[PDB]
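Read the structure below first, then the notes.
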Amino acid sequence: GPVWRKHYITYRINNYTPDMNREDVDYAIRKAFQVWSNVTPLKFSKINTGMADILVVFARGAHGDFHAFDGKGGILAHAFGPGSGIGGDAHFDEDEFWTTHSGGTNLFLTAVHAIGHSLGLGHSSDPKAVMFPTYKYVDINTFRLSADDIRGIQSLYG
Ligand SMILES: COc1ccc(S(=O)(=O)N(Cc2cccnc2)[C@@H](C(=O)NO)C(C)C)cc1
Ligand SMILES: [Ca+2]
Ligand SMILES: [Ca+2]
Ligand SMILES: [Ca+2]
Ligand SMILES: [Zn+2]
Ligand SMILES: [Zn+2]
Ligand SMILES: [Zn+2]
């Protein structure tokens, strides 16, 4: 449905996974937002005071919405499309083991996908798109938005 009317957008990390150290969580999330700001007029800013447009939450099982997480494996993450309140928020399953690299579920890659939803994208049919609804680890230096991702997001934020 609706897209952000404004081009200045805040995010707050509600809480931290104990799987990675704090600085690595910040880094992953920052880099994930950068991916999208790189191809749009959107500007993202992290806050810890006031109210963020996008709340980033790590939680297991039932966590206050109607989409409970399911333990280790399966559902990794979900996010809500643009809007007030819960709109834009991105939730990560704490029962996953979040990693800077290949040996669990990579936070950066998962967050790029989740944030795509937070900005209003649905799933892609293109297996090389970040919005493809299958997790597959890629070298975070071999990482790139596909043409379908870029086309998609630019159709929303021209
Ligand atoms: C690359 O980033 C990813 C983030 C999340 C997932 S996810 O497996 O958790 N996933 C898609 C899915 C996969 C398999 C079977 N049913 C649903 C959720 C999803 O698409 N959330 O955004 C779905 C259950 C809502 C996969 C990849
Ligand atoms: Ca929100
Ligand atoms: Ca899970
Ligand atoms: Ca965990
Ligand atoms: Zn719902
Ligand atoms: Zn949730
Ligand atoms: Zn998804």
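Quick note on PDB author numbering: the sequence shown kicks off at 106 and runs consecutively. All C-beta atoms in this analysis are idealised placements derived from N, C-alpha and C, irrespective of residue type, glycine included.
Per DSSP, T115 is one residue of the beta strand (DSSP E) stretching across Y113 to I118.
For a cut-off of 8 Å, the C-beta gap from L224 to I258 is around 7 Å, short enough to register as a contact.
Counting along the chain, the unbroken beta strand (DSSP E) around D198 starts and ends at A195 to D198.
Note that the segment 178-192 does not touch the segment 141-154; fewer than 3 beta-carbon pairs, one per stretch, sit closer than 8 Å. At least one heavy atom of ligand 2 lies closer than 7 Å to the C-beta of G193. If you look at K136, you'll find it isn't in any beta strand (DSSP E); it sits in the alpha helix (DSSP H) that goes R127 to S142.
The C-beta separation of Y116 from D158 comes to about 7 Å, placing the pair in contact by the 8 Å criterion. Here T247 is exposed, its C-beta having fewer than 16 other C-beta atoms within 10 Å. Using a 10 angstroms sphere on the CB of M156, the tally of other CB atoms stays under 16, which defines it as exposed.
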